[PDB]
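First the structure, in the form of C-alpha coordinates, and then the observations on it.
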Amino acid sequence: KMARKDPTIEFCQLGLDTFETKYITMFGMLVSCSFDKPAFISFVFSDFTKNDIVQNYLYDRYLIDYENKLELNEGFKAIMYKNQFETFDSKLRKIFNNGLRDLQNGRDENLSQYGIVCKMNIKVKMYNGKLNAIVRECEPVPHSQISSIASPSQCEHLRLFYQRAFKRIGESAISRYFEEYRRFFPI
DNA sequence: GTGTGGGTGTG
(Lines give C-alpha, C1' and ligand atoms only; values in the text may rest on other atoms or scores of the structure.)
Protein backbone atom coordinates (compact mmCIF):
# COMPACT_ATOMS: atom_id res chain seq x y z
CA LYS A 1 0.00 0.00 0.00
CA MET A 2 1.18 3.59 0.56
CA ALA A 3 1.73 4.10 4.31
CA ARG A 4 4.75 3.02 6.39
CA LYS A 5 6.88 4.36 9.27
CA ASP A 6 10.63 4.72 9.94
CA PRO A 7 12.00 1.92 12.11
CA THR A 8 15.52 1.79 13.59
CA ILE A 9 18.22 -0.85 14.19
CA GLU A 10 22.02 -1.25 14.17
CA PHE A 11 23.79 -4.16 12.43
CA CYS A 12 22.70 -6.62 15.13
CA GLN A 13 19.21 -5.06 15.15
CA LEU A 14 19.03 -5.66 11.38
CA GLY A 15 16.39 -7.99 9.91
CA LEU A 16 16.54 -7.58 6.11
CA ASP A 17 16.35 -10.65 3.87
CA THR A 18 17.25 -11.69 0.30
CA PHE A 19 13.93 -11.00 -1.40
CA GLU A 20 13.32 -8.46 1.35
CA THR A 21 14.14 -4.75 1.46
CA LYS A 22 13.06 -1.81 3.67
CA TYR A 23 14.12 1.42 5.38
CA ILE A 24 16.24 1.76 8.54
CA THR A 25 17.97 4.49 10.59
CA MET A 26 21.61 3.81 11.51
CA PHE A 27 23.54 6.04 13.93
CA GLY A 28 27.36 6.21 13.74
CA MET A 29 30.45 8.38 13.18
CA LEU A 30 31.72 9.03 9.64
CA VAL A 31 35.23 7.62 9.11
CA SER A 32 35.79 7.82 5.33
CA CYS A 33 34.30 9.42 2.20
CA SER A 34 34.65 9.39 -1.60
CA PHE A 35 33.16 12.29 -3.61
CA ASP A 36 35.33 11.37 -6.63
CA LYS A 37 32.64 9.02 -8.01
CA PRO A 38 30.38 10.96 -10.37
CA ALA A 39 27.37 9.08 -8.94
CA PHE A 40 27.63 10.18 -5.29
CA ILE A 41 30.02 10.60 -2.33
CA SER A 42 30.79 7.09 -1.00
CA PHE A 43 30.79 7.24 2.83
CA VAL A 44 31.76 4.74 5.56
CA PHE A 45 30.18 5.16 8.99
CA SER A 46 30.76 3.11 12.16
CA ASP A 47 29.26 2.45 15.62
CA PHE A 48 28.53 -0.49 17.97
CA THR A 49 26.64 -3.76 17.36
CA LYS A 50 27.96 -6.09 14.64
CA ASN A 51 26.68 -6.43 11.06
CA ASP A 52 25.38 -9.95 10.39
CA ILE A 53 24.48 -9.41 6.72
CA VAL A 54 26.77 -10.32 3.86
CA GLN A 55 27.14 -6.75 2.58
CA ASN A 56 30.44 -6.11 0.77
CA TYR A 57 34.07 -5.47 1.82
CA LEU A 58 32.85 -2.24 3.43
CA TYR A 59 36.55 -1.30 3.32
CA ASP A 60 38.16 -1.06 6.76
CA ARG A 61 37.72 2.67 7.55
CA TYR A 62 41.45 2.67 8.45
CA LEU A 63 41.06 4.30 11.88
CA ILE A 64 43.33 7.31 12.55
CA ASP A 65 46.06 4.69 12.98
CA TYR A 66 47.10 3.27 9.58
CA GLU A 67 48.75 0.33 11.33
CA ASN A 68 45.84 -2.06 11.92
CA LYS A 69 42.25 -2.29 10.64
CA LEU A 70 38.89 -3.55 11.95
CA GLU A 71 36.22 -6.00 10.73
CA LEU A 72 33.62 -5.11 8.10
CA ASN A 73 30.91 -5.90 10.67
CA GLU A 74 31.52 -2.67 12.65
CA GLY A 75 31.28 -0.10 9.83
CA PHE A 76 29.14 0.16 6.66
CA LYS A 77 28.92 2.17 3.42
CA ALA A 78 26.45 5.05 3.06
CA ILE A 79 25.63 7.03 -0.09
CA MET A 80 23.24 9.71 -1.33
CA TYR A 81 22.89 11.54 -4.68
CA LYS A 82 25.14 14.62 -4.72
CA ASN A 83 21.95 16.67 -4.33
CA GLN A 84 21.12 14.51 -1.30
CA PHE A 85 24.72 15.05 -0.17
CA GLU A 86 24.45 18.84 -0.55
CA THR A 87 21.32 18.80 1.58
CA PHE A 88 23.29 16.69 4.09
CA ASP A 89 26.42 18.89 3.96
CA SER A 90 24.10 21.87 4.42
CA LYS A 91 23.08 20.43 7.81
CA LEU A 92 26.79 20.23 8.65
CA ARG A 93 27.73 23.66 7.26
CA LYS A 94 25.63 25.04 10.14
CA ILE A 95 27.75 23.20 12.69
CA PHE A 96 31.00 23.90 10.83
CA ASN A 97 30.11 26.98 8.71
CA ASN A 98 31.58 24.99 5.79
CA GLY A 99 30.78 21.87 3.73
CA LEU A 100 32.52 18.50 4.16
CA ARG A 101 34.91 19.62 1.40
CA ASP A 102 35.92 22.51 3.68
CA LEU A 103 36.51 19.92 6.43
CA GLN A 104 39.04 17.68 4.62
CA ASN A 105 42.55 19.16 4.33
CA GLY A 106 41.88 19.49 0.58
CA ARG A 107 43.65 16.24 -0.35
CA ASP A 108 41.87 12.98 0.49
CA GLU A 109 38.20 12.99 1.57
CA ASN A 110 38.09 10.35 4.34
CA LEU A 111 37.53 11.91 7.79
CA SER A 112 37.93 10.02 11.09
CA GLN A 113 39.31 12.68 13.46
CA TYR A 114 36.16 14.83 13.71
CA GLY A 115 33.60 12.10 14.50
CA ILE A 116 30.58 13.94 13.05
CA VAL A 117 28.11 11.49 14.67
CA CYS A 118 24.78 11.81 12.81
CA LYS A 119 21.56 9.82 12.22
CA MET A 120 20.31 8.87 8.73
CA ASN A 121 17.42 6.80 7.32
CA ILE A 122 18.80 4.38 4.70
CA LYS A 123 17.01 2.22 2.11
CA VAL A 124 18.48 -1.31 2.16
CA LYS A 125 18.08 -4.07 -0.45
CA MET A 126 19.93 -7.11 -1.85
CA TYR A 127 22.02 -5.97 -4.85
CA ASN A 128 22.71 -9.37 -6.46
CA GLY A 129 22.89 -10.81 -2.92
CA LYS A 130 24.64 -7.97 -1.07
CA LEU A 131 23.02 -5.39 1.21
CA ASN A 132 22.77 -2.20 -0.87
CA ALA A 133 22.09 0.61 1.63
CA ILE A 134 21.42 4.20 0.49
CA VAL A 135 20.86 7.32 2.61
CA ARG A 136 17.40 8.96 2.62
CA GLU A 137 18.24 11.64 5.23
CA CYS A 138 21.35 12.93 7.03
CA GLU A 139 20.71 14.93 10.22
CA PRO A 140 23.76 15.71 12.34
CA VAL A 141 23.67 14.50 15.96
CA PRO A 142 26.56 16.23 17.74
CA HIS A 143 25.36 17.33 21.21
CA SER A 144 23.01 20.35 21.01
CA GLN A 145 20.79 18.37 18.60
CA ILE A 146 21.00 14.77 19.85
CA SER A 147 18.44 15.60 22.58
CA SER A 148 16.28 17.13 19.82
CA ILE A 149 16.71 14.32 17.28
CA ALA A 150 16.77 11.28 19.59
CA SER A 151 15.65 10.50 23.16
CA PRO A 152 13.71 7.26 23.54
CA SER A 153 16.39 4.54 23.84
CA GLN A 154 18.25 5.98 20.82
CA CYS A 155 19.63 8.66 23.19
CA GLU A 156 21.44 6.24 25.54
CA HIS A 157 22.53 4.11 22.56
CA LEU A 158 24.18 7.27 21.19
CA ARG A 159 25.76 8.04 24.58
CA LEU A 160 27.04 4.45 24.80
CA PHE A 161 28.73 4.97 21.41
CA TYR A 162 30.90 7.87 22.62
CA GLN A 163 32.07 5.70 25.55
CA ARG A 164 33.30 2.95 23.20
CA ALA A 165 35.07 5.24 20.70
CA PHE A 166 36.86 6.96 23.61
CA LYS A 167 38.64 3.68 24.47
CA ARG A 168 38.26 1.84 21.13
CA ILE A 169 39.16 4.57 18.60
CA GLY A 170 42.47 4.72 20.51
CA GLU A 171 43.32 7.18 23.32
CA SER A 172 46.67 7.96 21.63
CA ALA A 173 44.83 9.21 18.51
CA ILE A 174 42.53 11.58 20.42
CA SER A 175 45.80 13.18 21.56
CA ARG A 176 46.76 13.95 17.95
CA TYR A 177 43.58 16.02 17.50
CA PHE A 178 42.15 16.21 21.01
CA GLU A 179 40.73 19.70 20.37
CA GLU A 180 39.40 18.67 16.94
CA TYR A 181 37.75 15.54 18.39
CA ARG A 182 36.48 17.07 21.66
CA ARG A 183 34.37 19.39 19.49
CA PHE A 184 32.68 21.16 22.44
CA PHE A 185 33.26 18.62 25.25
CA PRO A 186 35.75 18.74 28.12
CA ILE A 187 37.56 15.65 26.73
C1' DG B 1 10.30 -0.18 0.06
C1' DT B 2 13.89 4.04 -6.33
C1' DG B 3 18.69 4.97 -8.95
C1' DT B 4 24.15 6.88 -6.65
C1' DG B 5 27.82 -0.82 -5.04
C1' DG B 6 33.35 1.56 -6.19
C1' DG B 7 36.38 -0.40 -2.64
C1' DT B 8 37.94 -4.25 -0.86
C1' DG B 9 43.74 -0.42 1.76
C1' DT B 10 46.74 2.19 4.05
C1' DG B 11 46.90 8.15 3.60
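Simple scheme: letters A, B, ... for chains in C-alpha coordinates order, numbers from 1 for residues in each chain, numbers from 1 for ligands in the order shown.
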Provide as JSON, numbers by chain the residues of chain B at most 6 Å from chain A, counting only C-alpha atoms (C1' of nucleotides). {"B": [1, 4, 8, 10]}
So which residues touch range 137-147 of chain A within 9 Å, counting only C-alpha atoms (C1' of nucleotides), skipping near sequence neighbours fewer than 2 positions away, as a PyMOL selection string? chain A and resi 25+27+80+84-85+87-89+91-92+95+115-122+135+149-151+155+158+183-185
When you count only C-alpha atoms (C1' of nucleotides), which of these residues is closest to residue 6 in chain B: A:33, A:10, A:86, A:111?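 With only C-alpha atoms (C1' of nucleotides) as the atom set, the closest residue is A:33.
The residues of range 70-179 of chain A that DSSP classifies as strand (DSSP E), using the backbone of this structure, are residues 75, 76, 77, 78, 117, 118, 119, 120, 121, 122, 123, 124, 126, 127, 130, 131, 134, 135, 139 and 140 of chain A.
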Can you write out the residues you just picked, keeping N, CA and C atoms, as an mmCIF file, in the first residue's frame?
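The resulting file, result_10.cif, is reproduced below:
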data_model
loop_
_atom_site.group_PDB
_atom_site.id
_atom_site.type_symbol
_atom_site.label_atom_id
_atom_site.label_comp_id
_atom_site.auth_asym_id
_atom_site.auth_seq_id
_atom_site.Cartn_x
_atom_site.Cartn_y
_atom_site.Cartn_z
ATOM 1 N N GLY A 75 31.594 -1.310 10.637
ATOM 2 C CA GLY A 75 31.281 -0.098 9.827
ATOM 3 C C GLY A 75 30.410 -0.486 8.630
ATOM 4 N N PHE A 76 29.990 0.475 7.852
ATOM 5 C CA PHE A 76 29.144 0.162 6.665
ATOM 6 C C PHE A 76 29.219 1.316 5.664
ATOM 7 N N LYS A 77 28.843 1.081 4.438
ATOM 8 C CA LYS A 77 28.917 2.167 3.423
ATOM 9 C C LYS A 77 27.599 2.935 3.339
ATOM 10 N N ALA A 78 27.681 4.224 3.180
ATOM 11 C CA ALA A 78 26.451 5.050 3.065
ATOM 12 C C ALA A 78 26.583 5.971 1.851
ATOM 13 N N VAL A 117 29.174 12.520 14.448
ATOM 14 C CA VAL A 117 28.111 11.492 14.668
ATOM 15 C C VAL A 117 26.762 12.036 14.187
ATOM 16 N N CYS A 118 26.097 11.322 13.318
ATOM 17 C CA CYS A 118 24.779 11.807 12.809
ATOM 18 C C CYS A 118 23.830 10.631 12.553
ATOM 19 N N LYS A 119 22.553 10.900 12.487
ATOM 20 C CA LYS A 119 21.562 9.816 12.222
ATOM 21 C C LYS A 119 21.102 9.902 10.765
ATOM 22 N N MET A 120 20.745 8.799 10.160
ATOM 23 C CA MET A 120 20.312 8.866 8.727
ATOM 24 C C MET A 120 19.424 7.676 8.368
ATOM 25 N N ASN A 121 18.310 7.927 7.731
ATOM 26 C CA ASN A 121 17.424 6.805 7.318
ATOM 27 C C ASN A 121 17.965 6.234 6.008
ATOM 28 N N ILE A 122 18.228 4.960 5.954
ATOM 29 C CA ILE A 122 18.799 4.381 4.704
ATOM 30 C C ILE A 122 17.873 3.322 4.098
ATOM 31 N N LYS A 123 17.855 3.240 2.796
ATOM 32 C CA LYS A 123 17.006 2.219 2.111
ATOM 33 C C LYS A 123 17.871 0.999 1.780
ATOM 34 N N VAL A 124 17.632 -0.111 2.423
ATOM 35 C CA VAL A 124 18.475 -1.314 2.165
ATOM 36 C C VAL A 124 17.816 -2.273 1.169
ATOM 37 N N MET A 126 18.871 -6.148 -1.434
ATOM 38 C CA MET A 126 19.931 -7.113 -1.854
ATOM 39 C C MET A 126 20.378 -6.852 -3.295
ATOM 40 N N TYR A 127 21.514 -6.233 -3.468
ATOM 41 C CA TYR A 127 22.019 -5.974 -4.847
ATOM 42 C C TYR A 127 22.768 -7.216 -5.338
ATOM 43 N N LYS A 130 23.991 -8.804 -2.103
ATOM 44 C CA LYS A 130 24.642 -7.965 -1.072
ATOM 45 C C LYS A 130 23.685 -6.900 -0.552
ATOM 46 N N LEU A 131 23.914 -6.428 0.637
ATOM 47 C CA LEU A 131 23.016 -5.389 1.207
ATOM 48 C C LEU A 131 23.340 -4.012 0.620
ATOM 49 N N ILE A 134 21.277 2.784 0.944
ATOM 50 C CA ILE A 134 21.422 4.197 0.485
ATOM 51 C C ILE A 134 21.026 5.131 1.631
ATOM 52 N N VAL A 135 21.236 6.406 1.495
ATOM 53 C CA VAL A 135 20.860 7.323 2.611
ATOM 54 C C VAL A 135 19.678 8.213 2.215
ATOM 55 N N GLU A 139 20.706 13.876 9.161
ATOM 56 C CA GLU A 139 20.705 14.925 10.218
ATOM 57 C C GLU A 139 21.886 14.715 11.172
ATOM 58 N N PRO A 140 22.593 15.780 11.433
ATOM 59 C CA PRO A 140 23.760 15.714 12.343
ATOM 60 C C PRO A 140 23.302 15.496 13.786
#
Which of range 86-131 of chain A end up as alpha helix (DSSP H) when DSSP is run on this backbone - answer as a PyMOL selection string? chain A and resi 86-96+100-103
Record the distance separating CA of residue 178 in chain A and CA of residue 157 in chain A, expressed in Å with one decimal.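 Pair CA of residue 178 in chain A / CA of residue 157 in chain A returns 23.1 Å.
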In Å, with one decimal, what is the gap from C1' of residue 2 in chain B to CA of residue 136 in chain A? 10.8 Å
Mind pulling up the distance from CA of residue 35 in chain A to CA of residue 97 in chain A? 19.4 Å
Pick from A:164, A:83, A:71, A:7: nearest to residue 28 in chain A, with only C-alpha atoms counted?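 Among the listed residues, A:164 lies closest to residue 28 in chain A.
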